[PDB]
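The chain below stands alone and is given in structure tokens; this is the form deposited in one PDB entry.
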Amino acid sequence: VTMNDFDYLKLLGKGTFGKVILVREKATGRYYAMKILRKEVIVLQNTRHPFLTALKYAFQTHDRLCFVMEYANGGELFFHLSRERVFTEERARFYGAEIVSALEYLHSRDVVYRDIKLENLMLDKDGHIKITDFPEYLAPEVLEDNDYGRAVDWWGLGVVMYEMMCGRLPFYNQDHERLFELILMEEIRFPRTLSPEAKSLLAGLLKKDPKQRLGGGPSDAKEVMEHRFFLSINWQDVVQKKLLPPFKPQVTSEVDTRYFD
């Protein structure tokens, strides 16, 4: 595989060590996201899961590292939360359930995702969540001890479920400057409308002390899975993609270039 097999479309993102572009395989007409890393500026391989974007191809040039990955067709979950403003606790339960499924798989392989954040969640054609590897609300132990334990994924989950159900970040009402002290020393507050089970989920997922945090115990995801908030979930079902997505993206196929804009 080489650069000559793809047609450029648009730029998707640009980090320090490289960039990501939306491309289209020429012999297949299918859409992809190519991650190009500046060799000098400086995994993904075998970990496969329904809610994680898979790696299609991987080739190097003379001075670049390229990663051609599957790119979902729904919009970005951020786009969808904007419009709706806020999701129903059931709609969030769905997403949070798919993510928890993926986080269990990764953690059972000794992998900490590190990037469970709204900007990383997309929807596929049928409306299922897709975790992509494309104010930053870093976890407290990351801000204090630069500690990237598995616990940080649950914290990422918590910030996402909070925004999805509250319609806003935990400290949207307090200047970015003081984000560092807040996360570290400010208790998080929840809306009144929120259900008793919902507040409980967020309270446990957003606990500053990683050992206290939900998911932070030795049995990892079991704590999260068996939380009252997730009583209606069929774990073996989500992983099979048996649940009906609570929202259908509105795309004809996986080439309906729509949502790319």
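Here, rigid core means the biggest group of C-alpha atoms that superpose within 1.5 Å across both forms. All residue numbers are counted from 1 along the displayed sequence.
- Per the record, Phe134 and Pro135 are separated by 10 or more deposited residues that have no coordinates.
- The deposited sequence places no unmodelled residues between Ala54 and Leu55, so the chain runs continuously there.
- Once the C-alpha B-factors are averaged per stretch, 123 to 131 and 153 to 161 rank with 123 to 131 first.
- Averaged over their C-alpha atoms, the temperature factors of 105 to 113 and 71 to 79 are higher for 71 to 79.
- Of the candidates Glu89, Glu187, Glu98, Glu141, the deposited coordinates give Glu187 the top C-alpha B factor.
- Split the chain's modelled residues into thirds by C-alpha temperature factor. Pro50 is in the lowest one.
- When the modelled residues of the chain are ordered by C-alpha B-factor, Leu118 sits in the lowest third.
- When the modelled residues of the chain are ordered by C-alpha B-factor, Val41 sits in the highest third.
- In this PDB entry, the Cα temperature factor of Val238 sits in the bottom third of its chain's modelled residues, the lowest group.
- Looking at the C-alpha B-factors along this chain, the one for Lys35 belongs to the middle third.
Keep in mind the form solved in complex with a small molecule is missing from the figure; the text below concerns it.
- Proximity of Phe260 to the small molecule in the bound PDB entry falls within the 4.5 Å heavy atom cutoff.
- By the criterion of a heavy atom within 4.5 Å, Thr132 is counted among the residues contacting the small molecule in the bound PDB entry.
- The small molecule in the bound PDB entry is approached by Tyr71, whose closest heavy atom lies within 4.5 angstroms of it.
- In the bound PDB entry, the small molecule sits within 4.5 Å of a heavy atom belonging to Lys35.
- The single contact residue among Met165, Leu81, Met122, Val152, judged by any heavy atom lying within 4.5 Å of the small molecule in the bound PDB entry, is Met122.
- Note on contacts: among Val238, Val251, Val23, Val20, the single residue with a heavy atom within 4.5 Å of the small molecule in the bound PDB entry is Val20.
- Residues with any non-hydrogen atom within 4.5 angstroms of the small molecule in the bound PDB entry fall in just one of 189 to 197, 63 to 71, 204 to 212, 217 to 225: 63 to 71.
- With the two forms fitted on their core, the C-alpha shifts between this form and the one not shown stay under 2 Å for all of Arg64, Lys208, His227, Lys199 except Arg64.
- The Cα shift for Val20 between this form and the one not shown, taken after rigid core superposition, is 2 angstroms or larger.
- With the core held fixed, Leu9 shows a CA shift of 2 Å or greater between this form and the one not shown.
- A movement of the C-alpha atom of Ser108 falling short of 2 angstroms is seen between this form and the one not shown when the two forms are aligned on their rigid core.
- By 3 Å or more, the C-alpha separation between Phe17 and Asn73 shrinks in the bound PDB entry relative to the form shown here.
- Between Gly18 and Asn73, the Cα spacing is smaller in the bound PDB entry than in the shown form, differing by no less than 3 Å.
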